[PDB]
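Just one chain is shown here, as structure tokens, and it is the form deposited in one PDB entry.
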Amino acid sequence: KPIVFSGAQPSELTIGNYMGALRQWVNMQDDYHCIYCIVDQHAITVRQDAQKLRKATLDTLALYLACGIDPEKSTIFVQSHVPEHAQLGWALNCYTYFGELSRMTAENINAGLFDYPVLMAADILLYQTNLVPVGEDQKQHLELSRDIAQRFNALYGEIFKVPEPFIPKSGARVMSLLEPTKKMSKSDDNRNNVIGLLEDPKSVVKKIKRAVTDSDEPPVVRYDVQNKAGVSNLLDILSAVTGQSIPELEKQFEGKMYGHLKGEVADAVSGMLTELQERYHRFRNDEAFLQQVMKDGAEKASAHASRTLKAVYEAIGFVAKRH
């Protein structure tokens, strides 16, 4: 099976993240050898509270498990638990141009923020990764990892796989509630633009009722991204939850106002989130379960990572460690 590497930040998922990327990938765990790395060494490139970082790491783990990531099928682990990432990160620094890092898309910036694309390259290249499902803002980073891999391979032979981006997209388009032109993003400042995965039904109703629509008279529930962006987003959200087609929903809401739509959207979304939240809290509060998932995952990751790093170290010419 092809190896898929996905990096997960320990810092709050939305329905866009879930119904888009994550739900798609939960259903492909038997098609691919999927690896999920909670990237706590990348997280510290921004200064943050220590106790919140620890909490956020475990929050992220439980939520990925809640979404359906199966630790017996896929490998899920915490980045800092596998030393090989930092080890390969340093080695690949020596085969990465300073220019390449400076050209990524002043003197008080920390070196971690400057140097993390190399660590990212190491994260991917450690596991002989075939595919990486990056977003558009990390396409440049993946490309650097491909360039590093080909450069190293040209000097020393075929040590690394040249990874590819995962090209086909989720299916669910999920846009911001007060800005339906812009995509719903976990990193949005405006909280009223997003529905978080742990939001309660009262919070969901409030945010959906405030969601922007249009001034059509009569109000008409019809799909039109150009002219009716807000109503179209509500339709896409509802379709993504229920599996009902757009033309089916258009018929279902014939002669109905935007209030009825919003009510059904809120009910559908919160119906979905109640099942995920049940799973989330059950997993998250079970310390022994989470510890065993992390230990098992780190063990699997380390077995593969050590194999690659040993070949890298042999190629460079380092004297092999005496065990």
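All residue numbers refer to positions in the sequence shown, first residue = 1. In this text, rigid core is short for the largest set of C-alphas that superpose within 1.5 Å between two forms.
A chain break between residue 17 and residue 18 is not present, all residues of the deposited sequence in that interval being modelled. According to the record, 4 to 9 deposited residues between residue 105 and residue 106 are left without atomic coordinates. Judged by mean Cα B factor in the deposited record, 196 to 204 ranks above the other of 196 to 204 and 124 to 132. For the segment pair 264 to 272 and 32 to 40, the entry gives 264 to 272 the higher mean B-factor, averaged over Cα atoms. Across 76, 86, 149, 177, the greatest Cα temperature factor reported in the deposited entry is at 177. In this entry, the residue among 220, 235, 162, 184 with the greatest C-alpha B factor is 184. Placement of the Cα temperature factor of residue 299 within the chain: middle third of the modelled residues, per the deposited record. Looking at the C-alpha B-factors along this chain, the one for residue 60 belongs to the lowest third. Remark: residue 143 belongs to the middle third of its chain, ranked by C-alpha B-factor as recorded. Compared with the other modelled residues of the chain, the Cα B-factor recorded for residue 168 ranks in the highest third. Ranked against the other modelled residues of its chain, the C-alpha B-factor of residue 90 as given in the entry falls in the lowest third.
Below, we turn to the form deposited in another entry, even though it does not appear here.
Just one of 159, 212, 86, 113 moves its Cα by 2 Å or more between the shown form and the other one on a rigid core overlay, and this residue is 212. Once both forms are overlaid on the rigid core, the distance between the two CA positions of residue 147 between the shown form and the other one is under 2 angstroms. Remark: with the core as the superposition reference, the CA shift of residue 24 between the shown form and the other one reaches 2 Å or more. Relative to the superposed rigid core, residue 36 undergoes a CA displacement smaller than 2 Å between the shown form and the other one.
Relative to what is shown, residue 144 and residue 21 are closer in that other deposited form; their C-alpha atoms differ in spacing by at least 3 Å. A change of 3 Å or more separates the two forms for residue 301 and residue 170: their C-alpha atoms lie farther apart in that other deposited form.
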